[PDB]
Amino acid sequence: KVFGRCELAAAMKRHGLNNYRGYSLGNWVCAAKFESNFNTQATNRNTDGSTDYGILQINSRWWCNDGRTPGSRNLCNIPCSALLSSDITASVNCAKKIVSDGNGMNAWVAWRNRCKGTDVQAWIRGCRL
């Protein structure tokens, strides 16, 4: 499913992402925009053979099992396909563990490169939250 901006903002808020670990909602919405373009079915393969899955492009080498990434750790204990569902719950729960990993949102390269230090507030502007 391809979420609309405010729709995703509201769903993420309901799932406890607004200000989780100090990151305002605008950061999470900005990250989804640049990571998947709000599309839950987005996948991208990396050169190391691992694959990024879903709305937040979570990596198979550490967070989920896709049965084809040798040495994968499956820290969120879920098959990677669960991260592509229209219900963002699995994605959100796993993202919570990732952002708590000690490196914050820098774990998401698109966030670091395109959201970090920008007026992330613009991403939730106009939304009924």
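Residues numbered from 1 in each chain as written, not as in the entry; some residues may be left out. Heavy atoms only, no water.

Q: How should I be thinking about the UniProt feature "disulfide bond" in the chain in this particular structure?
A: The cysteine pair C6 and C127, annotated by UniProt as disulfide-bonded, shows a sulfur separation of 2.0 Å, below the 2.5 Å cut-off, so the bond is present here. Taken together, the residues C6 in helix α1 (residues 5-14) and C127 in the segment after α4 (109-114) connect sequence positions 121 residues apart. Residue class for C6 comes out partly exposed when judged on its relative accessible area of 28%. A sulfur gap of 2.0 Å between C76 and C94 means the disulfide that UniProt records is present in these coordinates. Of this pair, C76 sits in the loop between β3 (58-59) and α3 (89-99) while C94 sits in helix α3, placing them 18 residues apart in sequence. Each of the two residues, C76 as well as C94, counts as buried. (Disulfide = S-S within 2.5 Å. UniProt positions renumbered as here; feature names shortened; annotations may be inferred. Helix = DSSP H or I, 4+ residues; strand = E, 2+ residues; numbered from the N terminus. Buried < 20%, exposed > 50% of the residue type's maximum accessible area, 1.4 Å probe, protein only.)

Q: Help me understand the UniProt feature "binding site: substrate" in the chain, please; the structure alone is not making it clear to me.
A: The sites that carry the UniProt feature "binding site: substrate" are, in the present numbering, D101. With respect to the helices and strands, the residue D101 is situated in the loop between α3 and α4. The exposure class assigned to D101 is partly exposed, which follows from its relative accessible area of 48%.

Q: Just checking my understanding: could you explain α1 for this structure?
A: An α-helical turn contains 3.6 residues, so a residue and the one three or four places further along point in the same direction. Those residues of α1 that fall on the buried side of the exposure criterion are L8, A9, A11 and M12. Those residues of α1 that are buried are in contact with α2 (25-36). Of the residues trailing α1, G16 is marked for its positive phi of about 75°. (Contact = heavy atoms within 4.5 Å.)

Q: Quick question: what am I supposed to make of the packing of aromatic side chains here?
A: Centre-to-centre distance and the angle between the planes together describe a pair of aromatic rings. In this structure the tally under the stated criterion is four aromatic pairs. For the ring pair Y23 and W28, a centre distance of 6.5 Å and an interplane angle of 75° mean the geometry is edge-to-face. For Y23, a relative accessible area of 17% corresponds to the buried category. Owing to a relative accessible area of 0%, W28 belongs among the buried residues under this scheme. Here the aromatic rings of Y23 and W111 are separated by 5.6 Å at their centres, their planes lie at 90°, and the arrangement is edge-to-face. You can see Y23 sitting in the loop between α1 and α2 and its partner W111 sitting in helix α4, a full 88 residues away along the chain. Per residue, the accessibility class of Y23 equals that of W111, and both read buried. A connected cluster of aromatic rings, assembled from ring pairs, spans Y23, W28, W108 and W111. (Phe/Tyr/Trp six-rings, centres within 6.5 Å; stacked < 30°, edge-to-face > 60°.)

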